[PDB]
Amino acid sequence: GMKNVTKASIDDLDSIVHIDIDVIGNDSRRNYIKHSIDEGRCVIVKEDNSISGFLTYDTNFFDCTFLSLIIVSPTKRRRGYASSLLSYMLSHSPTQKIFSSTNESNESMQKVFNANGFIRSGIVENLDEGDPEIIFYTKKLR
């Protein structure tokens, strides 16, 4: 179906958290996500009248935007939902610099960052055991 990306509202929270329960196993990130929506920091991608994925961000990573969750429903069967979320941020980031990360084991997300013009931009060790966070970087559309 036709995708569209937009800023989430509080009406979207229960659908968003239902996605997150599929991805992480529980509703433990509900309050983080709720706070993000309260602050206008949550973006959704929709298709066929339902939410297909979501993104949260904050501006507290060395004073730059960091994309803290980039989540697609495990029901989806084609690529492009994460890309839609990222492209929205290229236009709507409150800072010129945009960072995010994923595990070194997560070759799927690495390929999404690549598909969206993000580059490797560092590493944070001593987080998940044996599986560091790889930092990704890009600049906004200008």
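Don't overthink the numbering: it's just position in the shown sequence, from 1.
If you average the C-alpha B-factors over 128-136 and over 20-28, the higher value belongs to 20-28. Stretches compared: 81-89, 108-116. Higher mean C-alpha B-factor in the entry: 108-116. Across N103, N60, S36, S100, the entry's maximum B-factor at the CA atom is seen for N60.
The deposited CA B-factor of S50 belongs to the highest third of values across its chain. Compared with the other modelled residues of the chain, the Cα B-factor recorded for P74 ranks in the middle third. The PDB entry assigns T95 a C-alpha temperature factor belonging to the middle third of its chain's modelled residues.
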